[PDB]
DNA sequence: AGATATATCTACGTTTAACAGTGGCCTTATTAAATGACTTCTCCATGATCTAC
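Chains as they are written, first to last, in the deposited numbering: chain L, 4 to 112; chain K, 4 to 112; chain J, 4 to 112; chain F, 12 to 109, 133 to 319; chain G, 12 to 109, 133 to 319.
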C-alpha cells in the first residue's frame, strides 16, 4: 500500500481510539440506571458530524472530539503524518474517513 | 515541503513542549501521596481553550500558557516564523492546531 | 517584507535584549552557591505583565522594564520605529507581543 | 429582419433557499456546483424563472394555456391543442406533447450565485414536547446576489407585440419557486445589461462578476469592459441600467471610454421605457 | 494553387447541456468521453455545428438545398437532384443520396470541453400536487468553454466566393443544437487561432489548455507556442484573435518571440476583416 | 595611555476548589420520465454463350 493509505488507516484507528475514550467516559459518568446511552450517543455523534457545514466547524468538532477522547496510541506513534493529513486534506474526505471509522468500531470483547 | 506546514508542525511541537513544562510545574507543586492532577488539568486546559471570544481572548491565553511552559527549545530554534504565525492567521485555526497538539502531546509520554 | 511585521520583530528583539540586561543585573546581584532566581524572575515578569488596566498602566511598566534592561542596541538603531509602534496599537496586542518575547528569549543563551 | 434580445440581470442581496436539491438527510440541500475559480456556487434553476414568468403572465390577463390553480396546487389546461397564435404561454415558452412542438421564444440559463457558498445552514424545530421524526430538521440558505442570462428571438414570436409583456415581467418578476415562508427572496433585478442587435452573435454572458468573497459590491467585470473597449459589442446596441450605473460613473476616464456612449440610465424604469420604444420602433408595433 | 483554411475555436464560459446522449432511467446524460490527462470531458458533436452553419446559410438568404421549416420542425428538399454549382450547402457540406455524392469542402471535428466534467447534475420536476411518472427528472449540465477544430479546402469549393459566408457564419454561429430552454449556451467564438496556408500540414488542432482544472482561464497551450518558437508554422500565416490576445500580450519577452510577428488582433472583427481581405486577394475575388 | 578588577540593593507570593450540560427529536408525501427513430447504396460467382481473329 502507498503512504496515503497508511495515513488513512492510522486516521481511522485514531478516531476509533478517540471513540473508545469517549465511550469509556460516558460509561464512567453515567453508571447509574440500567445502561448508559451508547446507541443514542453514536446517533448523536453521526448527527453532529453530518451537521458540520464547512472546514472550520468540522475541524473544530473533530479536534474537540480528539482531545475529549484522551490518550491516543495510534495518534501517539504518528504525530506529523496525521497532523499534516488533517490540515491538508479537504474536510469532506475527513468526514468520510471519520464516518467509516465510526461504522468500523470494533467493540472491546 | 510547503514551509507553512513545517511551521505548523513546529508550532505543534512548541505547544507540546510548553504543556510538558506545565506538567513538570504541577508535578513539582503536588505533595504527599496525593494524586497529581493531570487528567483534571488536561480537561481544564481543553475547557479554557474552547472558551474564547476572538483575537485578544485565547491569544492572551496562548501566550500565557507558552510562558507558563517555560524553556522550550522548538520555539528557540525558530523565532520569526512562529512569531509571525502567532501574530497572523485566524485565531480559530490556531485553536485547531493547539487542540491537535493537546491530542498529540501524549506521544511524548 | 511587510514593514509592520518588521517593527514587530524588532520589538521582540528589543524586549529580549532588555530582559537579557535585567538577567545580567540580577545574576550580578546574587553571590555564593544560591541558585540565582530566574524561573522565579520569569514568573514575576509574567505576573506583572498580566497585571495591568490599560494605557498608562503597562505602558509605564514597559518603559520602566526597557529602562531597567539597560542599553538596548536594537532600540538605539530603531528609536523612531519602536516608539511609534509603542505609542500606537492596542495595549493588549503589545502585551501579547511581550509575552511571546518572554517565551522567545531562550535561544539567546 | 432578425432581432434578438440578450441580457444578464443581477438580483438584490439577501438570503436564498430557492432551489433545494434532494434533501439528503434533514438538510434541504440548496443546489450548488462549481463555477469560476473552482469555488462552489449555489444555483437557481432556469425552469424556476420560466415558471415565474408563466405565473406573471397568468396573473395579469394575458390568456395562457396552463392556468395555475393557487388553491388546489395543480395546473389546468384550457385547451389541450396548443395554439401559439392565441395563447401567450404557448407562443413564448413552447410546448411538447409526447403536433407542432414550437421552439420557444425565450432561452434561459441557470442562475448562479455571485458569491461562493460556504455552509450557510439553519436549524429547525417544531414547538416543544411530543417530538417525532419530523421535529428536527435543517435548511440551507445563502446571502448573495443571483445572476442569470437569458435570450429571446424576437422574430420567432407569433405575435411580435408579445415581447413587451416578458420585459414587464422580468422587471416585475413574482416569487421564484423557493422557501418563501422562511426565506422570502425578491428576484427583482437591480442592475441590467441588455443588448438589442440584429445578429445572433451574443456576448454579455454572465458578465457581472465581483467575487471579493463575502460582500455585496457586485462590480461589473474586467473582460466585458475589455470587450467594450476593443470595438465589438458596439455601445449603441448596449443597454446598462441599475445600481451598477453608480459604480460605472465613478470609474476614471469614463468620459472618454466607449462605454460612455452606450445607453446608460441609473433608473431602471427609464432604461426599460427607452428599450421598449426602440423595440416598438424597430418591429413596427 | 491549393489554399486551405484551418482553425481552432474557443467559446465563452457558461452552463451547457447541448449533446444529451441516449438517456438512462430518469437522468438525461449529456455525451462525454475521455481526453487529455485521462479525465472525462463533455463533447458536442460536429454534426451539430454543421447543422448550425446550414441554418445560418438558410437564414442569411443564400440558396441552400435543404430548407428547415422551423414551425414544422421538418427538413425539405428544394430539388431532389443535388446541384453543388447552385446550392451553397451542397457545395460546402456535401451530400449522399444513396452525380451522387460530393466530398464536401468543410471538414469539422467534435467540440470538446476545455475543462474536465465533474458530474454536476440538475433536478427538474413538474409543478403541482398532481404528480405522475413524468413528474421529476434529472438533467446533466456542464460549465465549460467548448473548443472544436475545423478545416476547409478553398480549391474544392465549386464557387470560391462561398468561403466568405462560411467564415461569417462561424463568427456569427447561430444556436448549436442543445437545450436552450434551461441551458442557453451561446456558441459564439471568443478566441480564434486561424491558419491560411498553401501547405496542408496543420499544427493548430486543439491548441487551448486550462490553467486550473476548474476555472475559466483558457490559456494558450504550451505545445502551440513552442512549435511557433521552433521554426515551423510560419507566423505570417498565423491568425490569432480574441480574449487570448490579452494573455499573449501579458507574456514575458513577447516582443522578441516569433509570436510577435504574427497576425494578432484583440477585436475579432478586425482580424476577420484582415483575413477576408487576404483570402479575397489570394483567390482573385 | 594601556591593562585590569570591580560594581551594579529588593523581593515575593503570582490562587487555592468544584463543575466543562443536564432531554427530546436527526424529516415527515411524492414523483424514480414522459417519444420516435435501432442504415442508408454498391462492390456477386460461375458458367453458357457471343463474337473477333
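Think of the CB as a built atom: it goes at the ideal place given N, C-alpha and C, for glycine as much as any other residue.
Do residue j and residue i count as a contact pair if the criterion is CB distance below 8 Å?
| i | j | result |
| --- | --- | --- |
| residue 70 of chain K | residue 86 of chain J | no |
| residue 227 of chain F | residue 60 of chain F | no |
| residue 96 of chain J | residue 13 of chain J | no |
| residue 269 of chain G | residue 247 of chain G | no |
| residue 317 of chain G | residue 194 of chain G | yes |
| residue 156 of chain G | residue 175 of chain G | yes |
| residue 302 of chain F | residue 265 of chain F | no |
| residue 39 of chain G | residue 31 of chain G | yes |
| residue 141 of chain G | residue 186 of chain G | yes |
| residue 148 of chain F | residue 244 of chain F | yes |
| residue 143 of chain G | residue 100 of chain G | no |
| residue 51 of chain K | residue 64 of chain K | yes |
| residue 237 of chain F | residue 222 of chain G | yes |
| residue 102 of chain F | residue 196 of chain F | yes |
| residue 108 of chain J | residue 44 of chain J | no |
| residue 278 of chain G | residue 254 of chain G | yes |
At a Cβ threshold of 8 Å, is residue i touching chain J?
| i | result |
| --- | --- |
| residue 96 of chain K | no |
| residue 26 of chain K | no |
| residue 86 of chain K | yes |
Under the DSSP definition of a beta bridge, which residues are partnered with residue i?
| i | result |
| --- | --- |
| residue 25 of chain G | G:178 |
| residue 8 of chain K | Looking at the DSSP assignment, residue 8 of chain K forms no beta bridge with any residue, so it has no partner. |
| residue 77 of chain G | G:88 |
| residue 135 of chain G | G:107 |
| residue 146 of chain F | F:54, F:181 |
| residue 49 of chain J | According to DSSP, residue 49 of chain J bridges with nothing at all. |
| residue 229 of chain F | F:17, F:272 |
| residue 302 of chain F | Residue 302 of chain F is not bridged to any residue. |
| residue 289 of chain G | In DSSP, residue 289 of chain G forms no bridge with anything. |
| residue 35 of chain G | G:38 |
If you measure from the beta carbon of residue i to each beta carbon in chain F, is any gap under 8 Å?
| i | result |
| --- | --- |
| residue 56 of chain L | yes |
| residue 53 of chain L | yes |
| residue 81 of chain G | yes |
Nearest chain G C-beta to residue i closer than 8 Å, yes or no?
| i | result |
| --- | --- |
| residue 24 of chain F | no |
| residue 273 of chain F | no |
| residue 144 of chain F | yes |
| residue 257 of chain F | yes |
| residue 69 of chain F | no |
| residue 260 of chain F | yes |
Report yes or no: is there a C-beta of chain K within less than 8 Å of the C-beta of residue i?
| i | result |
| --- | --- |
| residue 2 of chain L | Because chain L spans 4 through 112 in this model, residue 2 of chain L falls outside it and cannot be assessed. |
| residue 43 of chain J | no |
| residue 61 of chain L | no |
| residue 82 of chain L | yes |
| residue 105 of chain L | no |
Name, please, each residue of chain G whose Cβ falls closer than 8 Å to the Cβ of residue i.
| i | result |
| --- | --- |
| residue 61 of chain F | 215, 216 |
| residue 32 of chain F | 157 |
| residue 18 of chain F | Here the premise fails: no neighbours, minimum Cβ distance about 11 Å. |
Any C-beta of chain L sitting closer than 8 Å to the C-beta of residue i?
| i | result |
| --- | --- |
| residue 36 of chain F | yes |
| residue 23 of chain K | no |
| residue 49 of chain K | yes |
| residue 109 of chain K | yes |
Run through chain K and tell me which residues come within less than 9 Å of residue i, C-beta to C-beta.
| i | result |
| --- | --- |
| residue 92 of chain J | Those within 9 Å of residue 92 of chain J in chain K number zero; the least Cβ separation is about 11 Å. |
Mind listing the chain J neighbours of residue i? Cutoff is C-beta to C-beta under 7 Å, in chain order.
| i | result |
| --- | --- |
| residue 89 of chain K | 103 |
Name the chain J residues whose beta carbon is nearer than 8 Å to that of residue i?
| i | result |
| --- | --- |
| residue 73 of chain K | 42, 45 |
Using a C-beta to C-beta distance shorter than 7 Å, which residues of chain K count as neighbours of residue i?
| i | result |
| --- | --- |
| residue 112 of chain L | Going along chain K, no residue has its Cβ under 7 Å from residue 112 of chain L, so there is no contact; the nearest lies around 25 Å. |
| Contact residues within the region 229 to 255 of chain G, judged by C-beta distance below 8 Å to chain F | 246, 247, 248, 249, 250
| task | Check distances from the C-beta atoms of the region 5 to 17 of chain J to those of chain K and list, in chain order, the residues that come in under 9 Å. | result | 5, 8, 11, 12, 15, 16
| task | Report the residues of the region 146 to 166 of chain F with a CB closer than 8 Å to any CB of chain L, ordered along the chain. | result | 152, 153, 154, 155
| Contacting positions in the region 283 to 315 of chain G - beta carbon closer than 8 Å to chain F | 300, 301, 302, 303, 304
| request: Output, in sequence order along the chain, the residues in the region 190 to 215 of chain G whose CB is closer than 8 Å to any CB in chain F. | output: 205, 206, 207, 208, 209, 214, 215
| said: Closer than 8 Å between beta carbons: that is the criterion. Which residues of the region 84 to 96 of chain F meet it against chain G? | reply: 84, 85, 86
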